[PDB]
Amino acid sequence: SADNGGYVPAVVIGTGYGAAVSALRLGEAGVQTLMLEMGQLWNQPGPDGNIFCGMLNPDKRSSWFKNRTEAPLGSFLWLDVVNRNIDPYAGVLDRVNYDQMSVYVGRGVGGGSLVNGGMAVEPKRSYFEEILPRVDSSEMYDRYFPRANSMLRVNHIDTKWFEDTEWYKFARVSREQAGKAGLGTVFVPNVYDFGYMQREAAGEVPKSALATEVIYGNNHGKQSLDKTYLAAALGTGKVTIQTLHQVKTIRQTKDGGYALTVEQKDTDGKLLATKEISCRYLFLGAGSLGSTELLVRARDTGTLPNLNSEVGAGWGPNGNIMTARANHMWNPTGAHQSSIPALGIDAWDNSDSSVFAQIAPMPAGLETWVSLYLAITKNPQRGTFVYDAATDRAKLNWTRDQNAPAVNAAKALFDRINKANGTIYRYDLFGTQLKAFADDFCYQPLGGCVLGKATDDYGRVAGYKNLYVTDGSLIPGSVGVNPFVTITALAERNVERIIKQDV
Ligand SMILES: Cc1cc2nc3c(=O)[nH]c(=O)nc-3n(C[C@H](O)[C@H](O)[C@H](O)COP(=O)(O)OP(=O)(O)OC[C@H]3O[C@@H](n4c[nH+]c5c(N)ncnc54)[C@H](O)[C@@H]3O)c2cc1C
């Protein structure tokens with residue numbers, strides 16, 4: 001089936017959060033399920049004996065089909081020195097470039113869980129109720145958020161260790177600076193094992209977070225989905241995963257199942273085979289970008305002609321803005337910074353000035369006095385994915401001026417911190433032009449197939465039976481916090497209902 005093309009009861013496209021939840025519960029329900037993942041299974045030791053490259057030694061494993069490595073955003077001034085030309089390869093992190101927006105996504109078994117910062121945050125209930133008023137919030141907070149927390153292996157940093165360790169001085173500095181302006185911080189739960197991280201600092205186990213690894217994968221410590229949901233899904237005996245298989249087209253068969261055209265490639269991107277795979281139940285977990293692209297293509301090329309006009313709409317970058325402050329000489333942030341953030345500034349009150357900002361580490365490995373922040377804001381602007389039949393790609397029509405409300409919210413917060421401390425921004429971290437706020441990237445794409453718009457309230461695609469969307473494309477552009485816990489919890493809610501009523 002996977003091998004030659006054929007029929008499987010359920011197919012799940014992708015292996016990120018929505019996909020992984022869906023496949024686990026399908027398998028536990030006894031439904032034979034095939035997951036199709038375009039990237040690799042990341043389990044083979046590489047030229048350095050490690051699965052993943054670090055941020056100070058990027059190689060082809062860092063990048064999805066690019067010809068040169070790139071510095072982590074914010075660190076070009078210190079990390080461009082380590083960039084090198086590379087072979088285009090099926091690496092783990094893909095910078096997807098649209099007209100006026102670059103979106104970072106993971107590529108591999110586990111999706112973005114391979115490359116993300118592990119920050120596992122529940123949204124504020126009042127904001128959840130605002131953005132998804134058709135969803136029963138009691139079920140979410142009483143049942144599905146706790147379920148997600150537990151399954152994901154969320155854990156909490158030890159406060160005494162945090163207070164003491166050199167590896168979190170950067171966080172304590174921003175906490176103090178924040179405190180001088182009346183802004184409070186919060187600890188951020190994580191899927192990286194904080195007990196492991198303590199042992200890293202003590203020299204007891206191989207370092208990962210404490211060896212400048214995160215955005216190209218963690219060789220140790222991080223409980224990505226391959227270790228949690230996907231391991232459990234495989235354990236059911238009802239789930240298999242085929243890698244380097246990219247779904248290209250979706251059609252409805254004449255008897256109401258689904259048929260897929262699927263390209264199999266090698267890690268150099270050479271096409272090996274094109275296969276037809278069919279199923280009764282089809283679940284899309286290809287992400288905000290990937291799920292939406294499949295559906296706008298299907299609509300506009302006539303293979304799923306009854307998809308509605310909301311497919312493609314309602315995209316936002318979770319209000320993502322990156323900025324940085326220059327510390328006083330007397331406030332060094334340290335040469336040793338854990339690559340996993342632990343603290344944020346919660347200035348989120350659901351108003352338009354809301355900001356939830358994580359205090360981000362920097363990987364340079366020498367003192368720079370820079371404090372870096374990733375701000376999550378409340379900006380009502382949305383973009384639309386539009387199918388381009390000429391190139392066969394979904395184009396995102398978002399313009400940089402659409403991020404002006406996000407910039408304004410972030411700037412008002414950090415202006416308060418600067419005023420209280422007599423500090424200034426950095427203006428040189430994102431390029432040659434004076435620019436203190438990076439306003440054209442996204443790590444947390446949300447929307448394109450919005451819950452209740454393009455789908456019913458459980459992700460059933462409008463116009464079709466047994467066709468489901470499971471992932472960040474469901475969320476209406478913003479959740480006010482790092483999104484994977486919400487994606488996971490919503491997917492738990494959705495698949496349980498779908499299995500009960502439809503399967
Ligand atoms: C650098 C970075 C830092 C981040 N930090 C955080 C964090 O700390 N906490 C947080 O909450 N979020 C974080 N995020 C966002 C988070 O990783 C993201 O919201 C979720 O991974 C999205 O989950 P999905 O299931 O929507 O989707 P995702 O995890 O992107 O998975 C989609 C999967 O589908 C695969 N795929 C796509 N198209 C196809 C196709 N046509 N055929 C086959 N396979 C396909 C794809 O390769 C991938 O493995 C971060 C993301 C990045 C890039």
# chains A, B, ... in the order shown; residues from 1 in each chain; ligands from 1
>>> select_by_dssp(residues="region 203-311 of chain A", states="alpha helix (DSSP H)", output="ChimeraX atom specification")
/A:229-235,287-300
>>> select_by_dssp(residues="region 173-330 of chain A", states="strand (DSSP E or B)", output="number ranges by chain")
A: 185-187, 190, 192, 222, 239-242, 245-252, 258-265, 271-279, 281-284, 315-316, 321-326
>>> closest_residue(among="A:389, A:404, A:296, A:417", to="residue 448 (chain A)", atoms="only C-alpha atoms")
A:296
>>> residues_around(residues="residue 45 (chain A)", least_positions_apart="6", cutoff="12 Å", atoms="only C-alpha atoms", output="PyMOL selection string")
chain A and resi 51-53+61+219
>>> atom_distance(atom1="CA of residue 286 (chain A)", atom2="CA of residue 439 (chain A)")
24.6 Å
>>> residues_around(residues="residue 117 (chain A)", least_positions_apart="3", cutoff="8 Å", atoms="only C-alpha atoms", output="PDB file with N, CA and C atoms, in the first residue's frame")
ATOM      1  N   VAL A 214      18.709  23.626  19.165  1.00  0.00           N
ATOM      2  CA  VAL A 214      17.252  23.618  19.261  1.00  0.00           C
ATOM      3  C   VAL A 214      16.598  23.649  17.868  1.00  0.00           C
ATOM      4  N   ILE A 215      16.909  24.658  17.075  1.00  0.00           N
ATOM      5  CA  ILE A 215      16.099  24.932  15.876  1.00  0.00           C
ATOM      6  C   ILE A 215      16.431  23.991  14.710  1.00  0.00           C
ATOM      7  N   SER A 339      19.480  26.923  25.314  1.00  0.00           N
ATOM      8  CA  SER A 339      18.777  27.190  24.089  1.00  0.00           C
ATOM      9  C   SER A 339      17.255  27.073  24.239  1.00  0.00           C
ATOM     10  N   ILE A 340      16.782  26.652  25.408  1.00  0.00           N
ATOM     11  CA  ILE A 340      15.345  26.510  25.683  1.00  0.00           C
ATOM     12  C   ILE A 340      14.890  27.680  26.558  1.00  0.00           C
ATOM     13  N   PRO A 341      13.989  28.510  26.064  1.00  0.00           N
ATOM     14  CA  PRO A 341      13.494  29.624  26.908  1.00  0.00           C
ATOM     15  C   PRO A 341      12.766  29.068  28.118  1.00  0.00           C
TER      16      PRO A 341
END
>>> atom_distance(atom1="CA of residue 305 (chain A)", atom2="CA of residue 396 (chain A)")
20.9 Å
>>> closest_residue(among="A:495, A:105, A:191, A:449", to="ligand 1", atoms="only C-alpha atoms and all ligand atoms")
A:105
>>> atom_distance(atom1="CA of residue 213 (chain A)", atom2="CA of residue 78 (chain A)")
15.7 Å
>>> closest_residue(among="A:431, A:447, A:380, A:285", to="residue 315 (chain A)", atoms="only C-alpha atoms")
A:447
>>> closest_atom_pairs(of="region 232-348 of chain A", to="region 165-174 of chain A", cutoff="12 Å", atoms="only C-alpha atoms", output="CSV")
residue,atom,partner,partner_atom,distance
A:324,CA,A:174,CA,10.8
A:325,CA,A:174,CA,9.5
A:326,CA,A:174,CA,10.9
A:327,CA,A:173,CA,8.8
A:328,CA,A:173,CA,10.4
A:329,CA,A:173,CA,11.8
A:330,CA,A:173,CA,10.3
A:331,CA,A:173,CA,6.6
A:332,CA,A:170,CA,7.7
A:333,CA,A:170,CA,4.2
A:334,CA,A:170,CA,6.3
A:335,CA,A:167,CA,8.5
A:336,CA,A:167,CA,5.3
A:337,CA,A:167,CA,4.6
A:338,CA,A:167,CA,5.1
A:339,CA,A:167,CA,8.8
A:340,CA,A:168,CA,9.5
A:341,CA,A:171,CA,7.9
A:342,CA,A:171,CA,7.4
A:343,CA,A:171,CA,6.4
A:344,CA,A:171,CA,8.6
A:345,CA,A:174,CA,9.0
>>> closest_residue(among="A:468, A:76, A:414, A:64", to="ligand 1", atoms="only C-alpha atoms and all ligand atoms")
A:64
